[PDB]
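So this first bit is one chain, no partners, the form deposited in one PDB entry, shown in structure tokens.
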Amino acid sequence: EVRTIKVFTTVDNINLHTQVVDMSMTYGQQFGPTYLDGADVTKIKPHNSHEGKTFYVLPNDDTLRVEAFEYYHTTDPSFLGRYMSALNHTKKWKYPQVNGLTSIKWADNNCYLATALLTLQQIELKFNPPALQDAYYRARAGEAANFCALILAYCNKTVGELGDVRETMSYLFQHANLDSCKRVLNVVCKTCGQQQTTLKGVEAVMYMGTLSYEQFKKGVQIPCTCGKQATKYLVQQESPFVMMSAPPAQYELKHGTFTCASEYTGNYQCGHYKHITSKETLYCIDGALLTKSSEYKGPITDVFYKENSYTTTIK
């Protein structure tokens, strides 16, 4: 016998293609790799209840490969599989509204995603792939499963693998409109002289050395090839924000002096991230848990500061 039902196949969940499927054959035998809300149904055969639902298929024709690229801004043929793999787990996460922000309830080493999400809700970042733009707007409302699964997909991470926030944000900043972001630094050695350097894009809003945006304006000590301590200071900053990073060290966060910060407790590649945010007072957002305080000491590895345009007054 041959009975059939009507389903929708997609790569983006915007352009739905209308397929008639043989129920006496599998989804894998008809389309190839097929996913329903993340779940791999390749070896599964069609069911009565499946009639009228949307299924993600691999872009295995010239039409779907163009729709895929235009949406995800990647031609990596493993991408959709790794997104669907991740999504299948992240749809079972709880996304509670903590301090009027979308956070994640701890599960499968997602502490770094939770702080990365809370950060992205607080800084002005414009994503280029329509996939992230769409997923993020849902994430703000509290439907963050599609966003988290994309972050894991874009960053080449499996569910349960702890990730570096600075490494994660770097990846996402590649897929962000940071075009007109500009940074001018002046390095001054007492023997060698002066050196100015201009940085455009992701390079302009990321520094690895110090957490203090004040110290980066005042000046920081760096080893010149002279074998003498040279001073590097910020001449000019043109960006919606700056991300100051350093390896985890005991640091004092003062109310008003920053936007948000990533606290890391534990040892390399096996610790625990928490989100510290500055509002009417300091709040520590620990996944679904929330503590507030006036003062804060702790092992901070990232601070994010808002910006528009800065020009130095050092001579």
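Note that residue numbering begins at 1 and tracks the sequence as displayed. C-alpha atoms forming the largest set that superposes within 1.5 Å between two forms make up the rigid core.
Here 44 to 52 and 283 to 291 are compared by their mean Cα B-factor, and 44 to 52 comes out higher. Between 228 to 236 and 210 to 218, it is 228 to 236 that carries the larger average Cα temperature factor according to the deposited entry.
Taking the PDB entry at face value, the top CA B factor among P129, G163, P96, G193 belongs to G193. Of the candidates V242, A86, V202, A107, the one whose C-alpha carries the top B factor in the deposited record is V202. When the modelled residues of the chain are ordered by their C-alpha B factor, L16 lands in the middle third.
In the deposited entry, the Cα temperature factor of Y72 places it in the middle third of its chain's modelled residues. When the modelled residues of the chain are ordered by C-alpha B-factor, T63 sits in the highest third. Remark: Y35 belongs to the middle third of its chain, ranked by C-alpha B-factor as recorded. For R140, the recorded CA temperature factor ranks within the highest third of the chain's modelled residues.
Below: the form deposited in another entry, not depicted.
Core-aligned CA deviation for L290 between this form and the one not shown: less than 2 Å. In this overlay on the rigid core, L253 has a C-alpha that sits less than 2 Å away from its partner position between this form and the one not shown.
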